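Since the structure comes first, as structure tokens, the remarks are kept for the end.
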Amino acid sequence: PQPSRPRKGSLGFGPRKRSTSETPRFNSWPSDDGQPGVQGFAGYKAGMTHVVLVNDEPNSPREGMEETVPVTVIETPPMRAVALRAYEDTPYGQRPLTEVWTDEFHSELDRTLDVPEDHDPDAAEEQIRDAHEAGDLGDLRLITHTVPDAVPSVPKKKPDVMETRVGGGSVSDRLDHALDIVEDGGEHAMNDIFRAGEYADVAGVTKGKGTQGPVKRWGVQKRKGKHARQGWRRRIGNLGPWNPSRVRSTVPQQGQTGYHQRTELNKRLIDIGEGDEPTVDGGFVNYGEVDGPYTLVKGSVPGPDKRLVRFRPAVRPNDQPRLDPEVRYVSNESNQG
Amino acid sequence: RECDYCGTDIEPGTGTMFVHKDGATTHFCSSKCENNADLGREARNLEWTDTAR
Amino acid sequence: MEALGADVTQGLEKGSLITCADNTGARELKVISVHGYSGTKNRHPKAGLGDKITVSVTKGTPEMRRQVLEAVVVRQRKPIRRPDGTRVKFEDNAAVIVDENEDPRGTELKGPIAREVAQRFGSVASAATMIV
RNA sequence: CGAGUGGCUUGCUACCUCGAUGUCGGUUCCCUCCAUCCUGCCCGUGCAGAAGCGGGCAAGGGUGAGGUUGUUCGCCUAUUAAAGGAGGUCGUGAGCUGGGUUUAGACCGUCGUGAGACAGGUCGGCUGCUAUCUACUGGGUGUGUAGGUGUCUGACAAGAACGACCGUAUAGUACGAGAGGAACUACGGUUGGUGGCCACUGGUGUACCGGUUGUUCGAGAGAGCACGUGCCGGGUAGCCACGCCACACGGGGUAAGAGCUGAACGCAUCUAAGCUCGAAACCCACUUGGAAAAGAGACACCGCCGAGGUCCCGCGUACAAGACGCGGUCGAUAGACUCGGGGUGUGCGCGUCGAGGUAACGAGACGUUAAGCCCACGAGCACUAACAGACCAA
RNA sequence: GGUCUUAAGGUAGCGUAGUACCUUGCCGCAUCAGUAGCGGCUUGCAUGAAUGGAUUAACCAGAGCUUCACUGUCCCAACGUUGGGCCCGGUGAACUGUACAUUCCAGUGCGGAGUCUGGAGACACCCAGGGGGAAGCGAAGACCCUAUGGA
RNA sequence: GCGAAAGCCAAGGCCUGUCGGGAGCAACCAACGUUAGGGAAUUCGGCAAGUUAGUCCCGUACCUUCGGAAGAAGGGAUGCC
RNA sequence: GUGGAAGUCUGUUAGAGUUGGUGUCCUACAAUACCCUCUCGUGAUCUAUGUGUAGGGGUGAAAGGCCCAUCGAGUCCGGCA
Ligand SMILES: [Cl-]
Ligand SMILES: [Cl-]
Ligand SMILES: [K+]
Ligand SMILES: [Mg+2]
Ligand SMILES: [Mg+2]
Ligand SMILES: [Mg+2]
Ligand SMILES: [Mg+2]
Ligand SMILES: [Mg+2]
Ligand SMILES: [Mg+2]
Ligand SMILES: [Mg+2]
Ligand SMILES: [Mg+2]
Ligand SMILES: [Mg+2]
Ligand SMILES: [Mg+2]
Ligand SMILES: [Mg+2]
Ligand SMILES: [Mg+2]
Ligand SMILES: [Mg+2]
Ligand SMILES: [Mg+2]
Ligand SMILES: [Mg+2]
Ligand SMILES: [Mg+2]
Ligand SMILES: [Mg+2]
Ligand SMILES: [Mg+2]
Ligand SMILES: [Mg+2]
Ligand SMILES: [Mg+2]
Ligand SMILES: [Mg+2]
Ligand SMILES: [Mg+2]
Ligand SMILES: [Mg+2]
Ligand SMILES: [Mg+2]
Ligand SMILES: [Mg+2]
Ligand SMILES: [Mg+2]
Ligand SMILES: [Mg+2]
Ligand SMILES: [Mg+2]
Ligand SMILES: [Mg+2]
Ligand SMILES: [Mg+2]
Ligand code: NA
Ligand code: NA
Ligand code: NA
Ligand code: NA
Ligand code: NA
Ligand code: NA
Ligand code: NA
Ligand code: NA
Ligand code: NA
Ligand code: NA
Ligand code: NA
Ligand code: NA
Ligand code: NA
Ligand code: NA
Ligand code: NA
Ligand code: NA
Ligand code: NA
Ligand code: NA
Ligand code: NA
Ligand code: NA
Ligand code: NA
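Chains as they are written, first to last, in full-length UniProt numbering: chain A, 2 to 338; chain B, 5 to 57; chain C, 1 to 132.
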């Protein structure tokens, strides 16, 4: 009869090709609810350890009790909104209008950009306001970049640059909010955007694995029984029926696996601190020591240690926030042994 | 808690508790201990063991 | 059912021979099915602690032998994870024959029982000698 | 009784192939159909309730595990929300299998004078090929758009990214003589699928450390071989799953259906014009890809005698070539060294004890010694090596 | 039926048989469930006495079945080892080739088309892959029929 | 050591079972090791793999052509000084 | 107790054989190979050399097996265009 069975692997994360930017790019942003604010931040993955927590869930029969929870440590030092980009609404979607930059630049931002030497901030600002007057102003986002230098364990000094949306009350109000952030020096921090307890969406470029078989890549079976000894162990039965006489792209085949962007949904921010309270004895394997601004993320995060990961207020949360959870213990035990 | 085998403190959110036939309970801090036990060895006779120490 | 209050890695399969932790006259039990469980092509139906399984008596009193009854998984060799992170495993795998209302067919439960089993099967629990 | 639709079965035909289109069943992997088994929304009921029975829309998802048989089919068990059917050369042998079919050997029964025969049964009985083209999965080099860096846009494309069940409160309530026994809603968990991750458990770990057999290097010490670890005990990192994390709701328009207003037809009428609702289905939402979108895009800055890039050197968050990413003395990129953090499990030597033995000798025990040995990780540290320098470029 | 064909008319045994069409025969054992296996029954489509019958200790790379033990056969795969595979120097074939050839969906056609017709898609080249298609390559089909063929 | 067996080593012979260099050296394949819990659920069928194992002591069923079955089965021991 | 029989047992002694893997190979190392597995191994045994039997004839513990990669009638040349 041939029993039924779901297909192997999702056809939603394709094509399974190597990512274009190691730095993730959100294709979604939260809704314009609260007061004006930057809708995202970034850090650099460091590692894992567990934390003991007080059951924060009001519906848990264990609410108030001890509870061990896995946590991935992420160094989230301050970042810098170096300019405000404006978009206009056109018959072909949104298009970048202009940009308002600054003069105070991080000593090493030029390892990536051809830093500006002559820019007219006001004119840009004007152009934007005239577009808003005309009513063609599309959302507003800030060009942001990180300060790798600020993170010793991470070799790179060349900053990673990524655009982040600014959703606020009115457009006029948040437009201003934008300009103000920028004008200063763009300097902002995880505290300014997130609060321990809230849910965030963590994007990242997964750990690369090179070319792999379908078994690993799509999760197809290995030849079973007598079939496994005939000369085929990890190759599927066939590439398709006789007709249509062509191999469909839906059939699991070998290829690039890993080093793909993924936006993992609803990640609870256990704690946002600073210092070396989360670091492990011996140091974070293949990473280093943590002693500065950090975020503790519940569970796992895509990517290997040292990789840049991006945060964003969960766009589709299931639970209501349960602010500042009681941390009763953070394990610093060595990750070697 | 303490390892009912070697005697060192068992890092919270770690370890295994074996439940014996009779109903006795034995918390272990690591596989190393567990395994040395299954060999029939006693913590006292193992110099690395806090107990023996 | 009700949350077990612990994560389980089924240690049993359809066809597994376990111990009958009670005085019903049934010594050895053979798993035949798992209540409320549907698998997936080629996968053997798996059972673990706190699962109500269908069983058949392999060993015991002539009168109890070959009988197809219902039971509950009181102990297993494969570890299980409690909220505080610790793991818990037992010396063997055992189940206690139960009836329609989930009341132990027997009078006395031999050997210990996981606590988690309590939160699901009261009358079984309230019959336990030792509850870990 | 009458009219049909399908092209799964069978039969008929003899159009196609006999310079061969590898015949069953199964398996694996992919797509589809709807005449729908479950799941969603509905109608009727010989619809009190609960459980059903029949019917409508509907193919998003699911539709599983086993006992005999080569079997398909089917018979049977226990689970289940249900364990639907069919198409793809009765999908799938340049994929597998070879039980059966179907050669040569042999036996039995039947038939035959006999050779030998039987879609009767039975035991045994082989599975070739280095991929030219095309197709697709992934990876690169070029050209076009017409100097560079960084950030984007989004025509379109993929998705099931989610499907389903159990439990609790509702409630022993509505309903019902009683037996029995719901729901809306809110919660907790399971399962299957999906993507990721490795603190925890677990596996590996022919890195490592110890034990120990045989033999050889005279003994000792320290070693080699015993398949690519002699065997045994432990096991770091990493990789993993049996481990862990995450995977809506809600809008919009509809089907079946329930209605509103409403005429043809003064009445009536859910429809004819109009309108309000209403499916797990559709669109959006969400995730992934995506300037080669020939309307070949946008913005900011840098530059056209110089912006930027390639080669080079030290390396990897990358990797089959190629590609990608980081660092290069204005430096911690790699190694050495020392710490830290880890794995083993207490080194050589010497001292004491030691069943004994005249003595020689003596397996072994204790001390020195958390020792000895070892590390794919972290830190400190410019000591060594990231030097020298080449090239392209409007 | 209570002899007739053709001489006799199946005795001892064995029997759903490696012989039983009906057939998964019926009952039992065994299992959750057993077209299997074993035992009994047995009218045997179409058993049976040197065409030897029944039966049998020992023996068996002979056929079927059950149990204990065991286990990566499986659930469901992971990690590792060695040789390859990949890159480089050197050496250096074969198969195969009417032509053209970036195809895909349909249609049509000697009714199983990369080449016809209609549309869709498609910038060129290259590397690796597992083999969907070229009714892929290999063999003037062993099957079947035909020949006033052969043995 | 039972041994003309294994394994290790002499004497003697050889590095000519005659192409090399490089990538922690990917997918895939050939030989192979180890795999938690379960333990034949796999499959026509336990195919493949695994289990057992040398020696001594105890002990040994049905059946039988009295020869055998039998190393039945099962239980214990096993080093060094 | 002695004795030491056996188309006797174990047995990769030598040697002979070839059950399964339907593994490896399958333009091979090879026009029948490699590996593991498996059987026999004092006898109807295995083996070298010599020697006999020749084509409708041999030889055959019988498979239409074998008679120089040739067998339900060898090979060569001729009949033969
Ligand atoms: Cl298979
Ligand atoms: Cl089942
Ligand atoms: K034909
Ligand atoms: Mg094969
Ligand atoms: Mg660790
Ligand atoms: Mg530990
Ligand atoms: Mg199957
Ligand atoms: Mg073909
Ligand atoms: Mg319909
Ligand atoms: Mg569909
Ligand atoms: Mg077919
Ligand atoms: Mg099919
Ligand atoms: Mg073939
Ligand atoms: Mg094929
Ligand atoms: Mg081939
Ligand atoms: Mg056969
Ligand atoms: Mg057969
Ligand atoms: Mg046969
Ligand atoms: Mg060696
Ligand atoms: Mg019978
Ligand atoms: Mg006679
Ligand atoms: Mg055309
Ligand atoms: Mg012919
Ligand atoms: Mg013929
Ligand atoms: Mg003739
Ligand atoms: Mg195992
Ligand atoms: Mg079976
Ligand atoms: Mg099966
Ligand atoms: Mg075998
Ligand atoms: Mg003999
Ligand atoms: Mg022998
Ligand atoms: Mg001779
Ligand atoms: Mg013959
Ligand atoms: Na093969
Ligand atoms: Na093989
Ligand atoms: Na085919
Ligand atoms: Na018709
Ligand atoms: Na032909
Ligand atoms: Na087939
Ligand atoms: Na459907
Ligand atoms: Na069946
Ligand atoms: Na065909
Ligand atoms: Na084949
Ligand atoms: Na086939
Ligand atoms: Na709707
Ligand atoms: Na372009
Ligand atoms: Na006769
Ligand atoms: Na024989
Ligand atoms: Na294995
Ligand atoms: Na092909
Ligand atoms: Na005598
Ligand atoms: Na052989
Ligand atoms: Na002749
Ligand atoms: Na002639």
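No residue lacks a Cβ here, since even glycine has one placed at the ideal position from N, Cα and C.
Can you list the residues of chain B that residue i reaches, using a CB-CB cut of under 9 Å?
i	result
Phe-90 (chain C)	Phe-22, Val-23, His-24, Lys-25
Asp-84 (chain C)	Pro-16, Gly-17
Could you tell me whether the Cβ atoms of residue i and residue j are closer together than 8 Å?
i	j	result
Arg-115 (chain C)	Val-132 (chain C)	yes
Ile-129 (chain A)	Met-191 (chain A)	no
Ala-84 (chain A)	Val-72 (chain A)	no
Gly-198 (chain A)	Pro-279 (chain A)	no
Going by beta carbon distance, what residues of the same chain come within less than 7 Å of residue i, once the five residues before and after it are set aside?
i	result
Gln-76 (chain C)	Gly-11, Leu-12, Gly-48, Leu-49, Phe-90, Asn-93
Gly-19 (chain B)	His-31, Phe-32, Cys-33
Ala-26 (chain C)	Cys-20, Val-57, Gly-60, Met-64, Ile-97
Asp-174 (chain A)	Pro-37
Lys-18 (chain A)	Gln-257
Residues bridged to residue i by DSSP?
i	result
residue 59 (chain B)	Missing from the structure shown is residue 59 (chain B); chain B here goes from 5 to 57 and no further.
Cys-10 (chain B)	None, per the DSSP bridge assignment.
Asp-7 (chain C)	C:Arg-81
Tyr-93 (chain A)	DSSP output for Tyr-93 (chain A) lists no bridge partner at all.
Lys-52 (chain C)	C:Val-72
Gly-274 (chain A)	A:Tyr-295
residue 357 (chain A)	With chain A running from 2 to 338 in the structure shown, residue 357 (chain A) is simply not present.
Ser-33 (chain C)	C:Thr-54
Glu-68 (chain A)	None; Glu-68 (chain A) has no bridge partner.
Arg-87 (chain C)	B:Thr-20, C:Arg-81
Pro-314 (chain A)	A:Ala-201
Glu-164 (chain A)	A:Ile-144
Excluding five sequence neighbours on each side, which residues of the same chain lie with their C-beta closer than 8 Å to the C-beta of residue i?
i	result
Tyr-88 (chain A)	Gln-95, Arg-96, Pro-97, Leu-98, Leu-138, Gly-139, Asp-140, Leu-141, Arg-142
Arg-247 (chain A)	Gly-241
Residue i touches chain A at which residues, Cβ-Cβ below 8 Å?
i	result
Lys-41 (chain C)	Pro-4, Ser-5, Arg-6
By the criterion of Cβ-Cβ separation under 8 Å, what are the contact partners of residue i in chain C?
i	result
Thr-29 (chain B)	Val-132
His-228 (chain A)	By Cβ distance, chain C contributes nothing, its closest Cβ being about 13 Å from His-228 (chain A), past 8 Å.
Take residue i and list the residues in its own chain whose beta-carbon comes closer than 6 Å to its own, dropping the five residues that flank it on each side.
i	result
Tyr-200 (chain A)	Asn-267, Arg-269, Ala-315, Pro-318
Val-8 (chain C)	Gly-48, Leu-49, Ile-80
Could you tell me which chain B residues have their CB closer than 8 Å to the CB of residue i, listed as they occur along the chain?
i	result
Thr-69 (chain A)	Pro-16, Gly-17
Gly-48 (chain C)	Chain B residues near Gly-48 (chain C): none, gap ~15 Å exceeds 8 Å.
Could you work out which residues of chain C lie near residue i, taking near to mean beta carbons separated by less than 7 Å?
i	result
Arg-63 (chain A)	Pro-83
In chain B, which residues lie less than 7 Å from residue i when you measure between Cβ atoms?
i	result
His-51 (chain A)	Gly-17
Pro-112 (chain C)	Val-23, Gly-27
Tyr-330 (chain A)	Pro-16
Below 8 Å, how does it come out for the stretch 137-147 of chain A and the stretch 159-176 of chain A: are there three or more Cβ pairs, yes or no? yes
May I ask you to verify whether the stretch 11-25 of chain B touches the stretch 322-336 of chain A, counting CB pairs closer than 8 Å and requiring at least 3? As far as the Cβ criterion goes, the stretch 11-25 of chain B touches the stretch 322-336 of chain A, which means the pair count is three or higher.
Assess, as a yes-or-no matter, whether the stretch 114-128 of chain C is touched by the stretch 33-49 of chain B under the definition of 3 or more beta carbon pairs within less than 8 Å. Here the stretch 33-49 of chain B makes no contact with the stretch 114-128 of chain C; the two share fewer than three CB pairs at distances below 8 Å.
When you compare the stretch 73-81 of chain A with the stretch 112-124 of chain A, are there three or more beta-carbon pairs, one atom per stretch, that lie closer than 8 Å? no
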